[PDB]
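To start, the structure itself, in structure tokens.
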Amino acid sequence: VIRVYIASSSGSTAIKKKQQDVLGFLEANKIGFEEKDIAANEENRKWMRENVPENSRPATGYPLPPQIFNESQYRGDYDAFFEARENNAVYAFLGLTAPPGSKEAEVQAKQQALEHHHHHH
Numbered sequence: 001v002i003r004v005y006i007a008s009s010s011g012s013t014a015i016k017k018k019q020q021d022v023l024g025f026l027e028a029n030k031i032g033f034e035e036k037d038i039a040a041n042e043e044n045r046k047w048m049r050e051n052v053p054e055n056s057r058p059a060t061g062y063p064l065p066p067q068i069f070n071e072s073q074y075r076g077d078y079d080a081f082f083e084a085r086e087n088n089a090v091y092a093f094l095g096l097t098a099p100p101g102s103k104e105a106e107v108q109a110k111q112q113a114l115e116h117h118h119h120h121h
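Here the sequence shown stands for residues 1 to 121, numbered as in the entry's author numbering.
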């Protein structure tokens, strides 16, 4: 399942909206997910902060929610999610197989078919 770490009592309206954006997208696309609130749960808060890789931790304070993981594996922050959706490559971003019928899956299918034909003699 995709774990989305959020802060329900974030001091920023922008953060609240970014979290709802991610949660709503997962729901809409029927992607199995669960929210992990760090606002009032020390385990969730500490876990998120430690499991966000160094290269995704801002130079100021702590990494900001939402932070997205596939089970315990880090996938990315809101910016990474935002870009993945702009490129219609959200499933790859989440470390999930793009569903048969989805544009992402078709695009992936065509790309692999081409790379195979080039490899093929």
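C-beta atoms are modelled at their ideal positions from N, C-alpha and C, and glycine is treated no differently.
Cβ neighbours of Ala84 within its own chain (closer than 6 Å, five residues either side excluded): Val90, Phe93. Beta-bridge partners of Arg75 (DSSP): none assigned. If you draw a straight line from the Cα of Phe69 to the Cα of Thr97, it comes to about 15 Å.
For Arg3, the enclosing beta strand (DSSP E) has its first and last residue at 2-6.
In the structure shown, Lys36 adopts extended strand secondary structure according to DSSP, grouped into three states.
When C-alpha distances from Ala80 are compared across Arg3, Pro66, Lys103, the shortest belongs to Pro66. Remark: C-beta atoms of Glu35 and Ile15 do not approach each other more closely than 8 Å.
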